[PDB]
Amino acid sequence: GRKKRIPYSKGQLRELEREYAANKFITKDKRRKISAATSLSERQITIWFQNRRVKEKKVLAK
Amino acid sequence: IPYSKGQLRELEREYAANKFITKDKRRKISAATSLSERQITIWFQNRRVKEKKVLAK
DNA sequence: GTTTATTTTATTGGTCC
DNA sequence: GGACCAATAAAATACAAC
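Residues numbered from 1 in each chain as written, not as in the entry; some residues may be left out. Chains lettered and ligands numbered in written order. Heavy atoms only, no water.

Labelled according to the PDB entry, chain B appears under the name Homeobox protein Hox-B13, originating from Homo sapiens. The deposited entry bears the title "HOXB13-homodimer bound to DNA".

As annotated in the PDB entry, chain A carries the name Homeobox protein Hox-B13 and comes from Homo sapiens.

A separate point is the overall build of chain B. Counting its regular elements, chain B contains three helices and zero strands. Over its C-alpha atoms chain B spans a radius of gyration of 11 Å, differing by no more than 12% from the 10 Å that the globule rule assigns to 57 residues. Projected onto its principal axes, the C-alpha positions of chain B cover 35 × 25 × 15 Å. For chain B, buried positions account for 19% of its 57 residues. Within chain B, counting contacts between residues at least 6 apart in sequence, those at least 24 apart form 56% of the total. Per element, the accessible surface of chain B, about 4,600 Å² overall, is 56% carbon and sulfur. Across chain B, 16 positive and 6 negative side-chain charges occur, with their mean positions spaced 4 Å apart. (Helix = DSSP H or I, 4+ residues; strand = E, 2+ residues; numbered from the N terminus. Rg over C-alpha atoms; globule rule 2.2 N^0.38 Å. Buried < 20%, exposed > 50% of the residue type's maximum accessible area, 1.4 Å probe, protein only. Contact = heavy atoms within 4.5 Å. Areas by Shrake-Rupley, 256 points an atom, 1.4 Å probe, with all protein chains shown as cover. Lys, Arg positive; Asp, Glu negative; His and termini not counted. Charge placed at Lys NZ, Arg CZ, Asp CG, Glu CD.)

The next thing to look at is the protein's contact with DNA strand D. The full set of residues close to DNA strand D is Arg5, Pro7, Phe25, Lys28, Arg31, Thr46, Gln50, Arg53 and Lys57 of chain A together with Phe20, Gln45 and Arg48 of chain B. Across the atoms of DNA strand D situated within 4 Å of the protein, the share located in sugar and phosphate is 79%. At a separation of 2.8 Å, a phosphate oxygen of DNA strand D approaches a polar side-chain atom of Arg31 of chain A. Measuring from a phosphate oxygen of DNA strand D, one finds a side-chain N or O atom of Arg48 of chain B at 2.4 Å. (Near = heavy atom within 4 Å. Polar contact = N/O pair within 3.5 Å; in protein donor to acceptor, adjacent residues only side chain to side chain.)

Another point: the pattern of salt bridges. All names here are of chain B. Inspection of the entire model under this criterion finds seven salt bridges over all chains. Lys25 is paired through a salt bridge with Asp24; the nearest N and O atoms lie 3.8 Å apart. For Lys25, a relative accessible area of 25% gives the class partly exposed. (Salt bridge = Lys/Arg side-chain N within 4 Å of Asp/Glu carboxyl O.)

Next up on the list: the UniProt feature "DNA-binding region" in chain A. Within this structure's numbering, the places UniProt gives as "DNA-binding region" are residues 1–60 of chain A. Structurally, residues 1–60 of chain A comprises 68% helix and 0% strand, and the distance from its first C-alpha atom to its last is 31 Å. (UniProt positions renumbered as here; feature names shortened; annotations may be inferred.)

This part is about the environment of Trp48 of chain A. All names here are of chain A. Residue position: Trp48 is located in helix α3 (residues 42–58). Through-space distance from the C-alpha of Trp48 to that of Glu17 is 9.7 Å; in sequence the pair is 31 residues apart. Beyond its immediate stretch of four places on either side in the chain, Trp48 contacts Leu13, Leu16, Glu17 and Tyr20.

Our focus in this paragraph is the packing of aromatic side chains. Residue and element names in this part refer to chain A. Under the criterion given, the structure shown has five aromatic pairs over all chains. With centroids separated by 6.1 Å and ring planes inclined at 85 degrees, the aromatic side chains of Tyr20 and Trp48 adopt a geometry described as edge-to-face. One end of the pair, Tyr20, is in helix α1 (residues 10–22); the other, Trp48, is in helix α3, with 28 residues separating them in the sequence. Residue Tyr20 is classed as buried on the basis of its relative accessible area, which comes to 3%. (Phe/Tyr/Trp six-rings, centres within 6.5 Å; stacked < 30°, edge-to-face > 60°.)

The following block contains the structure:
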């Protein structure tokens, strides 16, 4: 377990949202572009989209 | 909105029983006090944070 | 100004090709 | 092996009551 969670930067988050608008699913090539461009882990990025996906589903509340 | 004192005592009763809670328990517990498993789940989640804030009671 | 409920990282364990 | 899902926790926030 452990792995104390760390709040991402607004800059990074913005770029994250930016691309998620383009595609809800991410290509193994964009991920490498996105990571380097935001200094994160591909695994982290995949986790973001992995999690971002569930957010949208929750908007079903609307 | 505030949870009942009796309900409260019920919670801490089980919380001393176990910091984390089995789904089997959440049942009895939610029904036992008519709550929401989300709610019961949420209390325990926030409950643990209290314990990390023990400052000589 | 102090004391329930939502949102955000993150791992775990199931699937499906 | 890689992608996806959901269940679940903890840290961080938020917002109401009091």
